[PDB]
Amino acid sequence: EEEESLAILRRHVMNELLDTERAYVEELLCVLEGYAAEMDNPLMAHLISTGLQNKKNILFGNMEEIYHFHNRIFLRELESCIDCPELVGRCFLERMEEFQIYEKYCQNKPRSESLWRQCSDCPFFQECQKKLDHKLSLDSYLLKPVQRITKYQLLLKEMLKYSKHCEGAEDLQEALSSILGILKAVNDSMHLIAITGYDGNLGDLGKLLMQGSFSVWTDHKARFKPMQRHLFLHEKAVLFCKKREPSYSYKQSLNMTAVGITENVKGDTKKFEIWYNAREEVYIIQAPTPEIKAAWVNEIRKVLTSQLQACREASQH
């Protein structure tokens, strides 16, 4: 049978989502009780440096914030769908604003890792672990939030699989796409936070739309010896960085204005070019694939279109 069989599979996924969810909450909690709360416990003070004590947030990030969310809102809302799993895509959608917390958590994560790398042996932790009777150490839990977002993606991807014809299939997709969005976001953010030497706050130049590596030549008015640069496509600019032999050193910017693009060059479908003025300034960028190139050129069109019409009806002021 069809319907009877699919529905039973959908219910199977809903169980995992809900089983793992509960576990997720429980996990974050034992760490906030088992470790975080303990950094503030007088009785434990003799095992914790006067400084590490402060690093409590650097180490945990907004885990608590995340915990309350999933404990007070999300789980409760996910469970409502126990009888109608096809429509669980509504929750994820309606809370994408709340999910922004994950971006904050990941952003801090690298620093946490630096700190953890520098004091993981510390007696304090060893103790908390005994008391908890944990086979594993704090670091494997600090990783839980990061993963949870992907589990969602996989689960949502699975739900839709057995719901293409159900009411809500629309939301499922949207939700799925959105999660993928958060993931792309988080991933791009990680690269941007590894940019060094950018005199100023690389936030006043719009949101990061794309980042990735390319080979760059400059036909301005070196044989075929390109530089390997990591590009960051923002709303107001395109940053060029060198990947340190992951980290990147800022090289130069390209004000996203008066820009002239060349959607196609002869030589390879992976070349497109960014240039300024009448072309006495030109950048030939080679993407790692003609596909990538497509996207970048495309995302760039959008920006100029946007950058452009960011005056068209904005000049009467």
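So that there is no doubt, residue numbering starts at 1 and follows the sequence shown.
In terms of unmodelled positions of the deposited sequence, the stretch from residue 221 to residue 222 in this entry skips 4 to 9 residues. In the deposited sequence, the stretch from residue 245 to residue 246 hides 4 to 9 residues that have no coordinates. The stretch with the higher mean CA B factor, choosing between 99 to 107 and 223 to 231, is 223 to 231. Annotation for 164 to 172 versus 109 to 117: the higher mean temperature factor (C-alpha) is found in 164 to 172. Across the residues 241, 156, 208, 93, the deposited record lists the maximum Cα B factor for 156. Of the candidates 71, 80, 201, 140, the deposited coordinates give 201 the top C-alpha B factor. When the CA B factors of the chain's modelled residues are split into thirds, the value for residue 181 lands in the lowest one.
Remark: residue 126 belongs to the highest third of its chain, ranked by C-alpha B-factor as recorded. Sorting the modelled residues of the chain by their CA temperature factor places residue 15 in the middle third. In this PDB entry, residue 132 carries a Cα temperature factor that places it within the middle third of its chain's modelled residues.
The entry lists a Cα temperature factor for residue 89 that places it in the lowest third of the chain's modelled residues.
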